Structure formats: C-alpha cells, structure tokens
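K.L.:
To start, I am sharing the structure in question, which I have written as structure tokens.
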Amino acid sequence: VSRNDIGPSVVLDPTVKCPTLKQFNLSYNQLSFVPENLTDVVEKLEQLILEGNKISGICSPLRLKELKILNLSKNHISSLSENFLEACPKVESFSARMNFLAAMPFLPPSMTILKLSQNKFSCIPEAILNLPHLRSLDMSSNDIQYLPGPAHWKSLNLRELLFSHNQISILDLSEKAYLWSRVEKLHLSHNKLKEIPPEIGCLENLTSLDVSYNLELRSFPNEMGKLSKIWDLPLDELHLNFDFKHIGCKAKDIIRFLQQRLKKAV
C-alpha cells in the first residue's frame, strides 16, 4: 500500500496476528509516525519500506526480530533514538537518505549495506566505523571534513565507498592501506582533494575511481598504474598537469600509460 494518501498515522489493531507477512510497503503516503503495534501484529517482517512519508522523528524502538531491510529515505527525521534498532539483530540494509540526521545511534553488527546520503552529517559517526561486516557505504552530498584511514575501520569486506560532494581535503592512506584491498568502487568527486596518495596502487581491486571535479588536483601519481582492474576513470572538469590529450579518455589507456612510466621515465 504505497503512493496512496494514507495518514496521518497507521494503528494496527493488537487483536490481529499476521505471522505470514514477509513484506510491507507503506511508501509515499502521508504517515507522520512509524506504524504503531508493528511488533505484536506483523511478527516476522522482512522489508519495512516507509520511504517518502513525512515522519517527524522516531521514539519507539522496533522489536522485529526478523527484519532484514529497512528504508526510511526522503523523510523529515532529524535524530534517531539511541536504542531504536537494538532489538532487531538481523538488519542488513538500512537506507535513511534525504533526512536531517546528525548522529547515528548503536546499530546491529549484521548491517551490511548502509546508504545514508544527502542527510547533514558533519563527520563520519564513530558508531559506523565499528561495524564488523560493512560491505557498502554511501554518504554523498553531506559535509564531510576528513575520512579516517583504513586503520580506523573495523570491517574487512569494504567493497564500495561513496563520498561525492563532500568537503574532503586529504585522502589518508598512509597506514595499513592493504585493509581496503577488496574495495571495488571509491568515489570522491566534487571535493577539495589536493593529491592522490602514492599508496593508492595498493588497492589492487579497484574497478572505478571517480576523482572528477577536483580543481585543486594537479597530477596523478605513477603508482596508480598497477590498478589493472580499473575500467572507469572519469576526468570531467579535471585540469591535469600531466598531459593525456594524446591518450584521450579511455581509462585502460591511462592505466597502461602510468604502468609503463613505472619502469622508467625520461
């Protein structure tokens, strides 16, 4: 039941017990709360999608022991309660885009995907750097000042990082850059990046690297030429010192060119 004008609050009657409902889509309605009595009634819920509604701010903790995908994107939330997700130990995906979120509370350690974009984070929360298995992460269009180096992140299966449109100055990869060896997408477009670190060649499994629209960026380091698996390397509005006007725009050509300059440069 989505895109209807349901509202302003859904109250499921406690006398009804529906243990077979393994999905619930209440998106794009005019809800102003989470659906109440959702734990006693919809016992085994998998995907609770409440996108697009105008939800003010959560106060009652979900208790769905079997939740797997939550989705509260495009809402009016500004702060999530400090124990609102503690009683759902199976959460993997959690989307909270386009809110006014500023702090992230305690999360279950099973969370694999976590897409918090466009939603006012001044800095990466400390509660998300300790996620044991955090495959994907998207925090685009926030105001992020400094992302920590690969030593601070607890995860080991980091496979996609999105941080475009942030106020990031210095990408740090000095200490233990091999921990990110599984990263398959790293976006840093529309930032204040100054220089790609020479240790970037250690991320031997990159398939895309978007450092476009970085005016302060000047030249690519030679060591980048070892990222043999890269197939996308956008260069739009990138005033490069090193001339590749003879090479063109093919990403594989850029990588091979840098790879030859590794051996010798005259």
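Chain labels A, B, ... are given in the sequence in which chains occur in the structure tokens; within each chain residues are numbered consecutively from 1, and ligands are likewise numbered from 1 in the order shown.
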Determine, counting only C-alpha atoms, which protein, DNA and RNA residues have an atom within 7 Å of an atom of residue 17 (chain A); residues of the same chain fewer than 2 positions away are not included. Present the result as a ChimeraX atom specification.

P.N.:
/A:15,19,41-42

K.L.:
Write out as a list in words which residues come within 9 Å of residue 177 (chain A) when counting only C-alpha atoms, dropping same-chain ones fewer than 6 positions away.

P.N.:
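The contact residues come out as residues 149, 150, 151, 199, 200, 202 and 203 of chain A.
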
K.L.:
Deliver the residues from the most recent selection as a file, using C-alpha atoms, as a CSV table (one decimal), in the first residue's frame.

P.N.:
```csv
chain,number,residue,atom,x,y,z
A,149,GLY,CA,42.4,5.9,7.1
A,150,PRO,CA,42.0,2.2,6.6
A,151,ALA,CA,43.3,1.5,10.1
A,199,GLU,CA,50.0,4.3,-1.9
A,200,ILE,CA,46.8,4.2,-4.0
A,202,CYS,CA,47.9,-1.0,-3.1
A,203,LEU,CA,44.1,-1.1,-3.6
```

K.L.:
Pick the closest to residue 68 (chain A) from A:27, A:99, A:118, A:110: which is it, counting only C-alpha atoms?

P.N.:
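When distances to residue 68 (chain A) are compared using only C-alpha atoms, the smallest one comes from A:110.
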
K.L.:
For residue 223 (chain A), work out the shell of residues within 7 Å, counting only C-alpha atoms and skipping chain neighbours fewer than 5 positions away, then give it as a list in words.

P.N.:
residues 198, 201 and 262 of chain A

K.L.:
Measuring between only C-alpha atoms, which one of A:109, A:221, A:234, A:57 shows the shortest distance to residue 131 (chain A)?

P.N.:
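Nearest candidate to residue 131 (chain A) out of A:109, A:221, A:234, A:57: A:109.
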
K.L.:
Under the rule that only C-alpha atoms are counted, which of A:197, A:14, A:108, A:52 is the nearest residue to residue 96 (chain A)?

P.N.:
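Result for the nearest residue to residue 96 (chain A): A:52.
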
K.L.:
Just give me the gap between CA of residue 11 (chain A) and CA of residue 61 (chain A) in Å, one decimal is fine.

P.N.:
15.6 Å

K.L.:
Step one, run DSSP on the backbone; step two, keep only residues of region 55-178 of chain A assigned to strand (DSSP E); then write them as a PyMOL selection string.

P.N.:
chain A and resi 69-71+93-95+113-115+136-138+160-162

K.L.:
I need the residue nearest residue 220 (chain A) from this list: A:255, A:123, A:183, A:1. Use only C-alpha atoms for the distance.

P.N.:
A:255

K.L.:
Have a look at A:168, A:173, A:107, A:134 and name the one nearest to residue 155 (chain A); count only C-alpha atoms.

P.N.:
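With only C-alpha atoms as the atom set, the closest residue is A:134.
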
K.L.:
In terms of the shortest atom-to-atom distance over only C-alpha atoms, which of A:24, A:212, A:192, A:222 is closest to residue 264 (chain A)?

P.N.:
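Closest to residue 264 (chain A), using only C-alpha atoms: A:222.
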